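**Student:** Here is the sequence, then the experimental structure:
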Amino acid sequence: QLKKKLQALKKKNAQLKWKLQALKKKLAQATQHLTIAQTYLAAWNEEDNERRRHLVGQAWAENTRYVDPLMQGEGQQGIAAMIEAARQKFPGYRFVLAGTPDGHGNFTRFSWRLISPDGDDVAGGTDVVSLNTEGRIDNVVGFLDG
Amino acid sequence: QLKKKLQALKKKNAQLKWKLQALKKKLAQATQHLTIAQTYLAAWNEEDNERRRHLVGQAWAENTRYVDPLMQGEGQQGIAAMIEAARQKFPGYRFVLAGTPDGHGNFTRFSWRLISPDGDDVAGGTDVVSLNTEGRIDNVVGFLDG
Amino acid sequence: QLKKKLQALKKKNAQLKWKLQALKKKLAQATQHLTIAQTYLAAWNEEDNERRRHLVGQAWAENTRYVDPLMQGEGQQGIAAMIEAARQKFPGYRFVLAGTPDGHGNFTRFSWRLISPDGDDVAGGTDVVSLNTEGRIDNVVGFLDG
Amino acid sequence: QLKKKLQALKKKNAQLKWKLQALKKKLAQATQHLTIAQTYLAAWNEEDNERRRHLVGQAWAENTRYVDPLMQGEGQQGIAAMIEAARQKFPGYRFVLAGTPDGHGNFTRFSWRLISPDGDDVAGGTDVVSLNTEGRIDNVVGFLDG
Amino acid sequence: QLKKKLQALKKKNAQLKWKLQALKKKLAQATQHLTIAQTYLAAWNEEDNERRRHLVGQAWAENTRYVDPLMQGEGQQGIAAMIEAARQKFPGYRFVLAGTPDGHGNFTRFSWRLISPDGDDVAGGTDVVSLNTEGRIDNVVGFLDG
Amino acid sequence: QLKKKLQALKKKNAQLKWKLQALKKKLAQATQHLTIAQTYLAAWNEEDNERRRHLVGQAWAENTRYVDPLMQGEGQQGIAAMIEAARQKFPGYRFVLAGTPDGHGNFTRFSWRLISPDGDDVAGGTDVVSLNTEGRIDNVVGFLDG
Amino acid sequence: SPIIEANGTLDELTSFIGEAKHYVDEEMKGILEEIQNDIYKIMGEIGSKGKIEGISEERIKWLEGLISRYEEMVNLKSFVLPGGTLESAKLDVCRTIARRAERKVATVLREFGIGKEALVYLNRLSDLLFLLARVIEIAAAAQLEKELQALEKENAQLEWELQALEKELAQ
Amino acid sequence: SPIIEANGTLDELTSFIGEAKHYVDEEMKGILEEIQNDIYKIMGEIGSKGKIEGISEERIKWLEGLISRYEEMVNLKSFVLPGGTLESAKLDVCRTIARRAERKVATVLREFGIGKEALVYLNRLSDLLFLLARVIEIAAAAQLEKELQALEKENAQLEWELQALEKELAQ
Amino acid sequence: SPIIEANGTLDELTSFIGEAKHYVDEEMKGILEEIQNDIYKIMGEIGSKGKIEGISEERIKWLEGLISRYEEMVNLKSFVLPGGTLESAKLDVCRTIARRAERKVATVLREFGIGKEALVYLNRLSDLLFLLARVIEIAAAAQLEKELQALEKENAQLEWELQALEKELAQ
Amino acid sequence: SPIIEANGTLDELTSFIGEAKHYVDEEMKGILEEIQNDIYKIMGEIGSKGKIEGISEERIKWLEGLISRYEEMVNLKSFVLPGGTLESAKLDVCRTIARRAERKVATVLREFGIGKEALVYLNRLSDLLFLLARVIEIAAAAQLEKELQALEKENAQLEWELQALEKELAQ
Amino acid sequence: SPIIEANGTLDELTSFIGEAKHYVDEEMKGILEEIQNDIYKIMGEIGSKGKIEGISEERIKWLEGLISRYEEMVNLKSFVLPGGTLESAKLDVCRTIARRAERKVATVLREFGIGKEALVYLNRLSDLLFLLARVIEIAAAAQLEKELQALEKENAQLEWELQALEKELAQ
Amino acid sequence: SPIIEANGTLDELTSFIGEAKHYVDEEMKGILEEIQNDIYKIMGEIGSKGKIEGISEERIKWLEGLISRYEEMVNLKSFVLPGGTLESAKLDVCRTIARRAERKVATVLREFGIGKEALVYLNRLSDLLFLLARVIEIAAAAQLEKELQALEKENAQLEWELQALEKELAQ
């Protein structure tokens, strides 16, 4: 069995190692969706509007587009304005991540809950974000949930 | 009043004519949204799958992208497959336009109702469609309504 | 000879298989030239002008160019007009493929005969067609033969 | 008639001047076709092959394409080779312009006669040349005449 | 003189106003060169290396290039490394603007003096900076002065 | 040692051959920098201004840019003018290569000495030249030396 | 000084024609220049006390022919106020200057027996100048009546075209 | 012929009003057309030797009311030269034509006892026409005095704005 | 009423100068305003029956100097018809108004012995106004004669330039 | 020295089995190691002159069972040449070494009366080793006969597939 | 023929060393070639019946030194089966061939009195060849024991690393 | 048992040829298979005590012809050590096995008078096997001597080519 035992473990090692290859690949995935969710929500939860213009200018691409069921905008300026209007209408409100973001390719899906300034859970949404060939956000699509 | 009456009507004519300029512009608008809705829904309501591949190949752009709350696809092939799967799962079902489509720029918004093969109204949706610089459909975003 | 006979056939098999590799490659070639000839001639032989506009819009590229010894045109519109004028001047006439089309790269060469409505052979031509990076016809060059 | 005579000549002057505008425009045209014909034929009539490589490298574009009834080539290298082969097969032969070149847009049409080394007229051809957006020759199409 | 005096001032007003047009244009110029100098020098004078990576990522373009007499680099990464190395070799040193920056088109010229941590003037330089079509720094060229 | 001696030389041969691989690579390098220096200096030393326009048109790219401490220009026209002005101001003067040009990537560094018409060494400079993706000169940066 | 007063006013009359002729069309200007020529001849006869031949009877018949032509275009001639337009105002002024000159010339014929044709000529001249003002009022106004109906019809059409398109959108 | 001369000049007067009215505003044009209407009535009384009723006293009071209104806007009236502007020049001409007609009408009243109101009307009429010319000079000039100060102030402001920016660059 | 008639016409004369001065250049306008000033002075002497000093002889010599200057530019002066242009027409009208006023003033000198200089002044004044109209005709027309030759020469040149290029193409 | 010679050759025999077992499969290697174990036991009995128990009869029946099994797979056994393959050559060598050892052991039984079972065991052992070589020839060759037909059939199929496509192009 | 048989077997022995030396390392190959050289010398003495000098005693001490060295690395030497590996199998075969040759040479010394050192040399030679096989088994196996633990430890580590990452995702 | 011992060793001999033939080229393998065939025939004659015809004399001459051929390629044959290569080692082993068999067969001829040709055949057979090993040493080594000079020459050339390019850069 001597030769068979050495060979038997080399075969086993080959499988286990490639599954570590595939498995670590899965880790970078779920973290990538969390980073995008945090950056997107960080912009929506940021109380100071100036930092948000700076953030979007840096993080977002110049050719970027957003659309949801009530409103739409494209570009850093347009999105910055939308963000400014939303925070001005709901001062103190916050967007908190819900569940674990997931996705595939340049698409990320995640859900979030809208938390009132006093901490009540009043609703939630879901968004899909796309990155451009330069690592900058080029597309965001939001949805409503019941 | 002689001179004043002639001049008075020339001023009036100038206003009325520019409002015809603006008003005819409004007509091409609402029709443009209806044509896009019909073409989009025509693809979804087409019973024969072959014609639908031909239609999308011609009407849709090669770089086109779709996303809704349950599924997503991009390109004629991917969209053709989605359309094929949807019709295969719901044979005989139809998508009927609801209300008047509207929009602005390359964006169109419209709503539709899902009609069962026996004619019952069971639900409806809303879609936003974007055209590329070559007159071909490059982006469709759908939504659900209660 | 035992070992030599097995090895002798493996060598032979390797040659025969690669020649099947090269030979099947040759088949896709001659068929590719026939399809282009049929599509080109189908547009010229199509009696209904509407279908021809639809066909060229789908099959031909927006940036496409044609030139022959008496006339020239570029783009679907220009080519559609030329085709419309040619058929209007020669109603009932037909273009029939002659010989086997051949070619290389994105170039196809073939010859055709002009057949009169009553079936007499009165002349013929030769054309070279080029495809663009999007699978659509971007260039056609015709010639006259005696 | 005093006022009428002055006004009468101003009207006349306006016409005559715009016709000089259109007419000078016509002069740059026919000369443009002659320059292209001379440059094209100069390359074909050049006895020294080195100068011809230098000329084509400078005058011709890198993305350029040629096709005639017996042969075809694209790019400075390919065209330089064709030109080298043609002159090597017909040493001493020359291409002489025939008639007045003409054309429109980036297209030029002209005819030429092939003159034997001893000066006999043995045949002729016609070519169509296209310029690229950088002033360099991107397309030449030749034809045969009886 | 009544009519002449009114007309005389309208002519004068027209001149004075266009010179205000040209003169205000000159103001945006010199300020534009100062902003670029400050941003460039701010990156060189920034003590914290992290902020500098963030600044260059935002302010500088991805396709950007630098060259001086001892060293060269291109891109945010390469330039960030150069900047990191320079500050690490000269901790506490500072770059102070000298004279008034000037320039034309996308070119800015300015001079600066190198100030030692103890405040002695030990040397100076001059730089030329170019902006890309996206408002981001794509080229910097530095020089040495005696 | 029989087996060891054969194997021992095969190992040695493998090293020596790859070092010839690396070493020949070094030869094309230093020659590439010399050719660029000669072409650049040849344009500056050319007495006839017409040939220089022809040379720059062929050798230089249409989108090319130059900058030094006293002057700057971009494009064949602008550079041709600068070259024309420089030679007109210093008739008979010459630029002679100094030392061995070197470099890396699309960058070349070399030094030169300015020789007076009577042969006195009065000064020198250094230049950095960049080639575009089409083999044509797109960027030259000069410097002064003491 | 009936002679000096008469000839002085005739000079004023021809001078006023010289001004009005720059405000009328080529046809009216030609007529006015011929009349100005005629006034020049009339002054010659009166100024010479008969020594110089005066105007011919054909010049009088010429005016009568033109009067008949324009008379046919004016229906209402009894109640019009002078100067409907700037151009017609110039002609109305000349008519009144002609009227004192007519009277002054009548005196010359009365006491010298010359100017018989000139007197009749001036009588008809004032009549024609009146009609020309009215004609100018018709030419300036009737053509303006055309432009009036034109914008009135265009307006109405644009109203209907708009009312259709609005309710044709929200269908 | 005091009657013929008087009525001839009155015709000239109303004709001159018909010309000037195309050079004034709607308000001045309305007034001039009413006066032209009044001159027409005056000629009727004089021309009929009393057989036809003349103008009413209200037409005289109407002029006096307008004279008072414009009189209030003119301070200096003793040393002005006629025709400050093209428009005012037209009115000054009419005033002098009115003056000989006034004299001629005075003769008719003297010998026929008719035209008492017409005579007084013409006297006041010339006074008003004078003020209108001066008013036009005020309306054309005072509004032009506004535009004068406007460009004078704009200029000065642009001087200061430039002197600031130049030395504010080379800081 | 020789006095009233004479002074009334002089008022008309200065009023007509006030209108024509808006149709001439700065040089002609300055001259006309000085003459209008002079007419004002003349009316003072006549209106006061000698009680008020009249115009100076220098005003007469001033006119004679201007007459000589413009007289030198007009060769043909015997056969010209009044009103060659709208601007010249205004001056021709003033000349005739001046002529009746000249006559009326002559009567005042005849019966009152005042206005000797005013009478001579008015005589020369009408002569100058005539020349100004002719000069305006020369200034408006001779400069227009320049523009006439200019377009005539340009045309001819454009004909030759075209005939060359056409046959120079098909070579 | 029949004892020393006999035991020396038996040592050689088991040593040759130790070499051949690295050239055969797991099944053949297991059998060879059991036989090598058996040879070790046989040497004990012979080397002790009977003092040490020898091999059991079950070891002989074990060989006979394996001989029957492989005997069933070999039809032709009379005319085969030794060493068809490298692996079978190793087994053929061991068979001949076993044969002299068999003879040497026969002598020990003849003179000492021990090794009765060992003698019979060695006789059957050589028979089995022969069959194993032949089986290896069948296992190495029959499986190679499969690969022979496989490439022979593939070739033929590729010939037909090509002849079709060539004449199917030029149609 | 004790001489012919003895020398024939010695030839076989040195021939077997010539084969095994291609399956061992440089160190073992060097030793085997020296022994092969020694066997050549031994054959000379035996073949000449004493006429040719034989091997030196230093060749015997040389073997004893190597035997001691390898003897120190083998603990268990009583129960090992021949041919643990292909390489060790070659050496075990040579040992048995040496053993019959040793016996045959003993006979030559017995009857000819030559080969005293050769006899002792061959006795020690077989002992060393045995140890070399065992050493090869240690060198091939102990180094393989290292590779065994290596993949056993890597596996275990990869198990733990995976169990961590899975439950660390769904947190 | 001279017969049993002789035939047993001959079996061993042909078995050893069966192994070595898998380590040589087609030419050497063909020869070895013919010899193996010949050994089979030899065993028949010896095993039947003369009852079965033995080998022909042509088989002996065949060996002598091959011996002469290979003998011509080996110059030095007196001092070579067995087993220069793994392949040659196989042949050297067979030669020694042939030598005891030759002796054993000599005994059979001595006592039975059969095997005269077989005896001579075996004598020449061992001689040929020796030369084949040496030839293999020449074929394996001389061709390796070629590869030795090849890499030695390539190296030297690469040294010179490098020394040139280095100092040819810094010129």
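**Tutor:** In hand now; what should we look at? Residues are numbered from 1 along each chain as shown, chains lettered A, B, ... in the order given.
**Student:** Report the secondary structure element holding the closest residue to chain I within chain G.
**Tutor:** Residue of chain G nearest chain I, by Cβ to the nearest Cβ: residue G:18 (2.3 Å). All C-beta spots, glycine's among them, are computed from the backbone N, C-alpha and C. According to DSSP states H and E, residue G:18 maps onto helix G:2-20.
**Student:** what does that helix contact?
**Tutor:** With contacts defined as Cβ atoms under 8 Å, 6 or more residues apart in numbering or on different chains, helix G:2-20 is touched by G:32, G:35-36, G:39-40, G:42-43, G:46-47, G:49, G:90-91, G:93-94, G:97-98, G:100-101, G:104-105, G:107-108, G:111-112, I:81-84, I:86, I:88-90, I:92-93, I:95-97, I:99-100, I:103.
**Student:** ChimeraX command to pick out the buried ones of these?
**Tutor:** With 16 or more other Cβ atoms under 10 Å in any protein chain shown as the criterion, this ChimeraX line picks the buried residues out of those:
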select /G:32,35,36,39,40,42,43,46,90,91,93,94,97,98,100,101,104,105,107,108 /I:82,83,84,86,88,89,90,92,93,95,96,97,99,100,103
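**Student:** Roughly how far does the residue of chain A found nearest chain H sit from residue B:102?
**Tutor:** Across chain A, the shortest distance to chain H (Cβ to the nearest Cβ) belongs to residue A:50, at 28.2 Å. In this structure, residue A:50 and residue B:102 are 35 Å apart, going by Cβ to Cβ, to the nearest Å.
**Student:** With residue G:168 instead?
**Tutor:** According to Cβ to Cβ, residue G:168 and residue B:102 sit 16 Å apart.
**Student:** on that earlier part again, who has more neighbours, residue A:50 and residue B:102?
**Tutor:** When residue A:50 and residue B:102 are compared for neighbours, residue B:102 comes out ahead with 14 against 8, by other Cβ atoms under 10 Å in any protein chain shown.
**Student:** any idea which helix or strand carries that one?
**Tutor:** Per DSSP H and E: residue B:102 is located in strand B:94-104.
**Student:** is that strand up against chain A anywhere?
**Tutor:** No: Strand B:94-104 lies out of reach of chain A by Cβ under 8 Å from any Cβ of the partner chain, never closer than 9.2 Å.
**Student:** Mind listing what's buried along that strand?
**Tutor:** Under 16+ other Cβ under 10 Å, the buried positions of strand B:94-104 are B:94-95, B:98, B:101, B:103.
**Student:** Check those against chain E and report the nearest one.
**Tutor:** After measuring those against chain E - Cβ to the nearest Cβ - the closest member comes out as residue B:103, at 29.4 Å.
**Student:** which residues touch the closest one?
**Tutor:** B:29, B:32-33, B:109-110.
**Student:** Repeat that for residue A:56.
**Tutor:** Residue A:56 makes contact with A:43, A:76, A:79-80, A:83, according to Cβ under 8 Å, 6+ apart.
**Student:** Just those residues: which are in helices?
**Tutor:** Secondary structure defined by DSSP state H assigns A:43, A:76, A:79-80, A:83 of the contacts of residue A:56 to helices.
**Student:** circling back: quick one: what helix or strand has the residue of chain A closest to chain H in it?
**Tutor:** Residue A:50 belongs to helix A:49-59 when assigned by DSSP H and E.
**Student:** If I take that helix and helix E:49-59, what angle do their directions form?
**Tutor:** Here helix A:49-59 points in a direction 70 degrees away from that of helix E:49-59 (axes from the mean of the first three to the mean of the last three Cα atoms, to 10 degrees).
**Student:** elements contacting the next helix or strand after helix A:49-59?
**Tutor:** Using DSSP H and E, the helix or strand that follows helix A:49-59 in sequence is strand A:60-67. For strand A:60-67, the packing partners by 3 or more Cβ pairs under 8 Å, 6 or more residues apart in numbering or on different chains; DSSP states H and E come out as strand A:72-74, helix A:75-89, strand A:137-145.
**Student:** what's around the closest residue to residue G:100 other than its chain neighbours, how many residues?
**Tutor:** Ranked by Cβ to Cβ, 6 or more residues apart in numbering or on different chains and with sequence neighbours excluded, the top spatial neighbour of residue G:100 is residue H:8, at 5.1 Å. Close neighbours of residue H:8, defined as other Cβ under 10 Å, add up to 20.
**Student:** and what of residue G:2?
**Tutor:** Neighbour count of residue G:2, defined by other Cβ under 10 Å: 14.
**Student:** near chain K, which residues of chain A?
**Tutor:** Residues of chain A lying close to chain K by Cβ under 8 Å from any Cβ are A:2, A:5-6, A:9-10, A:12-13, A:16-17, A:19-20, A:23-24, A:26-27, A:30, A:100.
**Student:** Select only the buried ones of the residues you listed in PyMOL?
**Tutor:** Applied in PyMOL, the following selects the buried portion of those according to 16+ other Cβ under 10 Å:
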select buried, chain A and resi 6+9+13+16+30
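**Student:** The residue nearest to residue G:100 and chain K: what is the separation?
**Tutor:** The spacing between residue H:8 and chain K, counted by Cβ to the nearest Cβ, to the nearest Å, is 118 Å.
**Student:** Repeat that for residue A:77.
**Tutor:** Using Cβ to the nearest Cβ, we find residue A:77 at a distance of 38 Å from chain K.
**Student:** Also residue A:114?
**Tutor:** Distance, residue A:114 to chain K, by Cβ to the nearest Cβ: 24 Å.
**Student:** Surely that residue is within a helix?
**Tutor:** No: per DSSP: H, G, I helix; E, B strand; the rest coil, residue A:114 lies outside any helix segment and is strand.
**Student:** what about the residue of chain G closest to chain I, how many neighbours?
**Tutor:** The number of residues packed near residue G:18 is 25, by other Cβ under 10 Å.
**Student:** Please name the nearest non-neighbouring residue to it.
**Tutor:** Spatially, and ignoring its direct neighbours in sequence, residue G:18 is nearest to residue I:83 (2.3 Å; Cβ to Cβ, 6+ apart).
**Student:** what lines up beside the strand holding residue B:102 in the sheet?
**Tutor:** Counting by DSSP bridges, the strands paired with strand B:94-104 are strand B:107-115 (antiparallel).
**Student:** Tell me which residues are up against the strand it pairs with.
**Tutor:** By Cβ under 8 Å, 6+ apart, strand B:107-115 touches A:67, A:72, B:32-33, B:36-37, B:41, B:93-103, B:121-130, B:145.
**Student:** could you redo the last one with a cut-off of 7 Å?
**Tutor:** Residues outside strand B:107-115 that contact it (Cβ atoms under 7 Å, 6 or more residues apart in numbering or on different chains): A:72, B:33, B:36-37, B:41, B:93-99, B:101-103, B:121-130, B:145.
**Student:** Please, where are all the helices along chain G?
**Tutor:** Along chain G, the segments classed as helices by DSSP H run G:2-20, G:26-47, G:57-71, G:86-112, G:116-169.
**Student:** measure whichever residue of chain G sits closest to chain E to residue I:83 for me?
**Tutor:** Closest to chain E within chain G is residue G:86: 22.6 Å, counting by Cβ to the nearest Cβ. From residue G:86 across to residue I:83, the span is 17 Å (Cβ to Cβ).
**Student:** Contact residues of chain G facing chain H?
**Tutor:** Listed as neighbours of chain H in chain G under the rule Cβ under 7 Å from any Cβ of the partner chain: G:81-83, G:85-86, G:89-90, G:92-93, G:96-97, G:99-100, G:103.
**Student:** so what's residue A:24 up against?
**Tutor:** Counting by Cβ under 7 Å, 6+ apart, residue A:24 has contacts residue K:165.
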